[PDB]
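Student: To start, I am sharing the structure in question, which I have written as structure tokens.
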Amino acid sequence: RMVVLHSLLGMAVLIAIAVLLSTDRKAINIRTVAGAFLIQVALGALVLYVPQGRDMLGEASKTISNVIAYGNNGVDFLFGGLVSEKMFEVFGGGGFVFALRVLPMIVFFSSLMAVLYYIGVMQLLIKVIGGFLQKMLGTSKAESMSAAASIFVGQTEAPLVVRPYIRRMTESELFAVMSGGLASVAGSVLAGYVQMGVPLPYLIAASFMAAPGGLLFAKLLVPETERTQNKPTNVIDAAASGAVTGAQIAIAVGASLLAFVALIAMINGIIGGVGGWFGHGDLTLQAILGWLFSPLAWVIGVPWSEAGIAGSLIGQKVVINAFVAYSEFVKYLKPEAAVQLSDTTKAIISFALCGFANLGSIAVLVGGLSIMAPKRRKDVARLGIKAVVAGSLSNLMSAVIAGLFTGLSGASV
Amino acid sequence: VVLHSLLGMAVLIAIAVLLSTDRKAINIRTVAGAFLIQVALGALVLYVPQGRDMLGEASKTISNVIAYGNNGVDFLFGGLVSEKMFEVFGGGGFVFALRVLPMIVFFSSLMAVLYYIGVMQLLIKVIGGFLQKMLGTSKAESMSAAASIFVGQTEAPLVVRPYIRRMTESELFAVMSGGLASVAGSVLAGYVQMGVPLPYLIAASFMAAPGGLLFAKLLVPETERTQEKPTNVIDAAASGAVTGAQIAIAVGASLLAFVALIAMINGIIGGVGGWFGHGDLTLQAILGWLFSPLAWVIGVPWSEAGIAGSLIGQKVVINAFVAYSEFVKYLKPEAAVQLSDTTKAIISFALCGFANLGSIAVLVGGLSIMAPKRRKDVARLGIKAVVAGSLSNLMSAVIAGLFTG
Amino acid sequence: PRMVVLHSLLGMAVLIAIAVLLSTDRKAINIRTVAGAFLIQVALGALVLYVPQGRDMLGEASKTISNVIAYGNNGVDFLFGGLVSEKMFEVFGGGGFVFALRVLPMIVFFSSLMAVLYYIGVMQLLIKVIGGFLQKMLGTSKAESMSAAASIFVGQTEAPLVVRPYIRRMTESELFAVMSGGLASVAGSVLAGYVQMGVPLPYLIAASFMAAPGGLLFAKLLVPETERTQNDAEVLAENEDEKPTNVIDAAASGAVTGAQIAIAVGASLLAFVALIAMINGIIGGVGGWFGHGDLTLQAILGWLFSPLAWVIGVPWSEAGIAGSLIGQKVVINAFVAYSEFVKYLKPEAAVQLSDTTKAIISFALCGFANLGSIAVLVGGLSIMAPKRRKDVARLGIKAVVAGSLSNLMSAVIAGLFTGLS
């Protein structure tokens, strides 16, 4: 449909922003940033365009969906009938208890990855992916493994593999670690997204395209100007330790959502009353955020008929967090739809919202990353807003790639 | 009966004096001023239907602010807090852990933002500073009182949270006392559904703030006295929400314990009577029979305090609620042992308040996180603050019987 | 009758023999100590299960604690309301039993309950007497005796505050006795949790008091005392750093502690049950390549622990079922093993088990003798004495065996006198 030219416009804009906000445009390693963009667009051309790639994506998703099903066996064991099919016969659409359907999945996956770390399975994958990035982008060992580890584990405990390297890494390396942690999504939280209604194959592609895309806008904003350098008892224990850690994470998540949803509703109450003085008492923050990020939604490849809707979802993902944005996005994926969003639009939003690139994850990074290296606490906080932008643009980049290779009319139910 | 009421107030204060730490340190300007505000606001809403609409709407306006907190709860638990609960389970459909405790997360996150944008900072400097001239209180002491009139006991120490760390013995006991006697929100609508007159409920709602200060500035006045950070606003709301999360856990767990403990305490007494002729002998009746003479002092002259006394005993032990549930069984024209209006007005005020034994759990468990180095000083005054909270509620009963005849 | 009681002795012998073979110094085994422990263990079993006067005391204790649990439910019904009511069975039916709201809250109350009695002094009194009896009949030291006695009520070696002044300088035979006593026993908080699931209360009461002499039994069998036990006059440990101030504070202190335990337990169960279901999914697919796609981890652990189950007095027609239960209790934990065991107790059961079998399983599965409790020992016991952390980690697997053998020993004794009705 000759939309391949329109998609090239989206990619050009996002890269341009990073170059304009660079600390040293003359030190931008072209071999690194053009390679990162080449790899990121290659993965999008693989699991979305070619037939063989979509199989590997659907295959990997059929496996994970089974894993989630196994995790549901533990959920049905803990809360019993409160997560059964009878809940829909008693409370209708309210039978879906978010605290008992989504949050418990964070606990299971946190303990599952704890087991994979113990065995060495996770260490193996990070080494391979990380080793590939440093060999194709020319990045250092630390920031390559960091982006590779961020594909799976959490944003807090900012990937433990880089523990000794953080203390003496450059500003470009440290920023690459922070960017990778924001441009990507924790594997533990991902299973929660699936239970909400977010398309699984899109979440898989976005997680792997977060590593090269994370290093992309990290080297664009802050290019390397200096020189780089270079336990549980048993498996049962490791499985139990990850469960406890995952428990306090879900609690922190469920509490943050109960507050944010309430506070946003409170803000809309203010604008709903104040706006009534100008004749717009139905004006909400959702709208305002949509009207603001409306042009940006047009750039990535979303039609203007649905650009105002995608504006709020991308906006909330930045000014608040990902869970709130996704909660108001799965509503458009329902069969009985108030808005019939196109397949090429729902695909872009699913990739643009996938990431920890929000204002709330700044102190989250500063807090956890400073534990490993307190001497760099002043550098992390200073690159706080910069890391969010680097992470946000990375997710926006994957969104444009998504919209380009969904031009093959690849529907997502 | 005006002399009988003055007799009631004297005795209600005399008990506080006998249980006070330092009598010579008692500020005469503060305490006498507190009693003046309690009797003033009482007649302001009882006699004149102008303040009943002003203060009445004030409570509804502030409650609608907290009501936004339900939008986040309905999103989290979904249908476990819908109306379908009352159609299936009925009265048991009200889940305390899902309708009350999650609200603590909102307050801990809401005021995490207000302190960040300096709104609560102003409300302590202005409202607290104003009552700092009215009485020599630390204004971190007074703001908690003004807040408690609109927020619950689980949501009252959260208001002056960052002041509890470097807080003295007096201000600590005063904030807690305010929490004990304070009524707000979800229960404010509950009592109305019971049939007990709304104008009476508003009168006691605004009598908990000066009444809480009335006894807390008696049992322990001020001595040696009165004198990491979030990055973004979103972060503050996040940090606050996670902080409130563990608070609700600490409070709910303590409540689950104390309630079961009191119920276990009720057993032993039962068995000892179980040896012996008297006994079903619940702690409710025992503390209730001790309130019977004290009831006559307030009002309810005789052949009435024998029952009304046992209703107050239930107030200290198990609940406010149980006492009301039985009081509503006396207002019913099945017409046994019917009582006067000046009688029911006293009992309604004497029963209004959440200063029960179980409520201490909210304090100890709640302040275990806001100020963990202070919880040891909390339980030491736990029972003492129930006493200060119960006498505060009884003080309104005396003003009730006086200004209803 | 006379052939089933001769079986039991054989089983006991087999259990003891394993400990002797796995001994570091068989020649140093104090016969007066180990034979006394086995005598005491088998005496308590013969008392509360065989004689009429003993069963009345066990029943009276059961009726007493049952009332405590009933009082604990008053706090549970208060917090969750109708979600733990009778209407749950009229709606969700069998799914009306929410484990996270029926069992886990009980851990909170009992933790706060035992916290109160530690304040009063009732706990120190019971531990001192039982501990004093174990040191005057077995010849064990003061420390390990109090530890084994304290592990009857509180457990998981989180509250042997009595031996905190002793651990730093005690011998390995003493240290192992502490580790064994923790795994061989349970906790008051988790015992109440087992009751709500459906586990027979009188069996849990008998097993808890049998865990003290049984814990010291295989502890002195595996590693006898070869050095000198430190006497009282030397102990010089110092600070209290006390949480209690009054009974009100202690009641809330144990409540919050019981909460984070109930949360950790509930989280670890959600993981373990799911992970096993995931393994069963793997074996379910891989096993189909050999013609057995219905093969599960429950099955394997059944045939693997089938010989061990048989010895302790369980009929072969029921040995396969008791295999998976004992197995899971060791390789996973006690809650999971009990979760699949209470299904055989309900009248709607698929397979009916005999009275002499359900008693054996109930006693065998009672204890923290599992592979996941090792780190909790090393983790919690090292805070009191970090210089002994390297020694505790090594005796980790040995302690689990000691703890498991203790639970297996109490199982044989149970099936002996429950068979002799």
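How things are named: the first chain in the structure tokens is A, the next is B, and so on; residues count from 1 in each chain; ligands count from 1 in the order shown.
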Can you work out which residues from chain A touch chain C at a cut-off of 7 Å (counting only C-alpha atoms) and hand them back as a list in words?
Tutor: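 Matching residues, ligands excluded from the count: residues 67, 70, 71, 73, 74, 75, 78, 79, 80, 81, 86, 107, 108, 111, 233, 236, 237, 240, 243, 244 and 247 of chain A.
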Student: When you get a sec, could you note down which chain A residues fall within 9 Å of chain B, using only C-alpha atoms, as an MDAnalysis selection string?
Tutor: chainID A and resid 82 87 90:100 251:266 269 319:320 359:364 381
Student: Keeping N, CA and C atoms, export the residues of the selection given above as a short mmCIF file (atom, residue, chain, number, x, y, z; two decimals), in the first residue's frame.
Tutor:
data_model
loop_
_atom_site.label_atom_id
_atom_site.label_comp_id
_atom_site.auth_asym_id
_atom_site.auth_seq_id
_atom_site.Cartn_x
_atom_site.Cartn_y
_atom_site.Cartn_z
N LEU A 82 -12.17 -18.35 43.92
CA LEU A 82 -12.17 -16.91 43.68
C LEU A 82 -11.55 -16.58 42.33
N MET A 87 -16.99 -17.07 39.01
CA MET A 87 -16.89 -15.65 39.31
C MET A 87 -17.57 -14.80 38.25
N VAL A 90 -21.43 -14.87 38.78
CA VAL A 90 -21.90 -14.18 39.97
C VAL A 90 -21.70 -12.67 39.87
N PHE A 91 -20.53 -12.27 39.39
CA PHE A 91 -20.18 -10.85 39.34
C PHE A 91 -20.07 -10.34 37.91
N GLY A 92 -20.43 -11.19 36.95
CA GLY A 92 -20.39 -10.82 35.55
C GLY A 92 -18.99 -10.52 35.06
N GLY A 93 -18.78 -9.29 34.60
CA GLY A 93 -17.48 -8.86 34.13
C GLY A 93 -16.54 -8.53 35.27
N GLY A 94 -17.10 -8.44 36.48
CA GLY A 94 -16.32 -8.13 37.66
C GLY A 94 -15.71 -9.37 38.28
N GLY A 95 -15.98 -10.53 37.69
CA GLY A 95 -15.44 -11.78 38.18
C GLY A 95 -13.93 -11.87 38.03
N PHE A 96 -13.38 -10.99 37.21
CA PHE A 96 -11.94 -10.94 36.99
C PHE A 96 -11.26 -10.07 38.04
N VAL A 97 -10.84 -10.69 39.14
CA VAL A 97 -10.15 -9.98 40.21
C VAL A 97 -8.69 -9.75 39.84
N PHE A 98 -8.35 -8.50 39.53
CA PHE A 98 -7.01 -8.15 39.08
C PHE A 98 -5.93 -8.55 40.08
N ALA A 99 -6.26 -8.51 41.36
CA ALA A 99 -5.31 -8.83 42.41
C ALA A 99 -5.05 -10.33 42.52
N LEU A 100 -5.98 -11.12 42.00
CA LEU A 100 -5.88 -12.58 42.11
C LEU A 100 -5.64 -13.25 40.76
N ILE A 251 2.90 -6.94 45.56
CA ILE A 251 2.29 -6.09 46.57
C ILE A 251 2.58 -4.62 46.29
N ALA A 252 3.84 -4.32 45.96
CA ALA A 252 4.24 -2.96 45.63
C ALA A 252 3.58 -2.50 44.34
N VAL A 253 3.39 -3.43 43.41
CA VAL A 253 2.73 -3.13 42.14
C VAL A 253 1.24 -2.87 42.33
N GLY A 254 0.57 -3.79 43.02
CA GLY A 254 -0.86 -3.67 43.27
C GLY A 254 -1.22 -2.43 44.07
N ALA A 255 -0.30 -2.00 44.93
CA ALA A 255 -0.51 -0.82 45.75
C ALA A 255 -0.30 0.45 44.95
N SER A 256 0.67 0.41 44.03
CA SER A 256 0.96 1.56 43.18
C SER A 256 -0.19 1.82 42.22
N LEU A 257 -0.84 0.75 41.78
CA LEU A 257 -1.95 0.86 40.85
C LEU A 257 -3.21 1.35 41.55
N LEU A 258 -3.44 0.87 42.77
CA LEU A 258 -4.59 1.28 43.56
C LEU A 258 -4.52 2.78 43.86
N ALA A 259 -3.30 3.30 43.95
CA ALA A 259 -3.08 4.71 44.23
C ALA A 259 -3.19 5.55 42.96
N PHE A 260 -2.49 5.13 41.91
CA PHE A 260 -2.45 5.88 40.66
C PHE A 260 -3.82 6.00 40.01
N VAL A 261 -4.55 4.89 39.92
CA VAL A 261 -5.90 4.89 39.36
C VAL A 261 -6.80 5.82 40.17
N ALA A 262 -6.63 5.81 41.48
CA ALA A 262 -7.40 6.67 42.37
C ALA A 262 -7.02 8.14 42.21
N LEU A 263 -5.73 8.40 42.09
CA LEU A 263 -5.24 9.77 41.95
C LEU A 263 -5.62 10.38 40.61
N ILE A 264 -5.54 9.58 39.55
CA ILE A 264 -5.93 10.03 38.22
C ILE A 264 -7.42 10.36 38.19
N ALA A 265 -8.22 9.52 38.85
CA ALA A 265 -9.65 9.76 38.96
C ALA A 265 -9.93 11.03 39.76
N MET A 266 -9.04 11.34 40.70
CA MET A 266 -9.16 12.55 41.50
C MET A 266 -8.80 13.78 40.66
N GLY A 269 -11.51 14.65 38.42
CA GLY A 269 -12.57 15.28 39.19
C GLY A 269 -12.34 16.78 39.29
N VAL A 319 4.03 9.31 31.76
CA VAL A 319 3.81 10.16 32.92
C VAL A 319 3.41 9.38 34.17
N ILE A 320 2.90 8.16 33.98
CA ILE A 320 2.52 7.32 35.11
C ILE A 320 3.30 6.00 35.15
N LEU A 359 8.32 8.12 34.39
CA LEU A 359 8.88 9.04 35.38
C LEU A 359 8.97 8.40 36.77
N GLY A 360 8.17 7.37 37.00
CA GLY A 360 8.16 6.69 38.28
C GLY A 360 9.31 5.72 38.45
N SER A 361 9.91 5.32 37.34
CA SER A 361 11.00 4.35 37.37
C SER A 361 12.37 5.02 37.47
N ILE A 362 12.37 6.34 37.64
CA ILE A 362 13.62 7.08 37.78
C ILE A 362 14.27 6.77 39.13
N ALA A 363 13.56 7.07 40.21
CA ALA A 363 14.06 6.80 41.56
C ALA A 363 14.16 5.30 41.80
N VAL A 364 13.38 4.53 41.05
CA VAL A 364 13.46 3.08 41.09
C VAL A 364 14.83 2.61 40.62
N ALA A 381 21.28 9.83 38.95
CA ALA A 381 20.17 10.77 39.14
C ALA A 381 20.20 11.88 38.08
#
Student: Pick out the closest residue to chain B from this set: C:402, C:186, C:412, C:68. Count only C-alpha atoms.
Tutor: C:68
Student: Kindly determine which residues of chain B lie within 10 Å of chain C, considering only C-alpha atoms, and give the answer as a PyMOL selection string.
Tutor: chain B and resi 80+85-86+88-101+246+249-267+360-365+368+375-383
Student: What is the atom CA of residue 195 of chain B to atom CA of residue 5 of chain B distance in Å?
Tutor: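 It comes out at 26.6 Å.
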Student: What is the distance, in Å and to one decimal place, between atom CA of residue 186 of chain A and atom CA of residue 342 of chain A?
Tutor: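 One can read the atom CA of residue 186 of chain A to atom CA of residue 342 of chain A distance as 27.8 Å.
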Student: Hey, which of C:122, C:3, C:65, C:58 ends up closest to residue 46 of chain C? Count only C-alpha atoms.
Tutor: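 Smallest separation from residue 46 of chain C among the options: C:58.
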Student: Show me, as a list in words, the residues that have an atom within 8 Å of residue 165 of chain C when counting only C-alpha atoms, minus same-chain residues fewer than 5 positions from it.
Tutor: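 Counting only the stated atoms, we get residues 235, 236, 237 and 238 of chain C.
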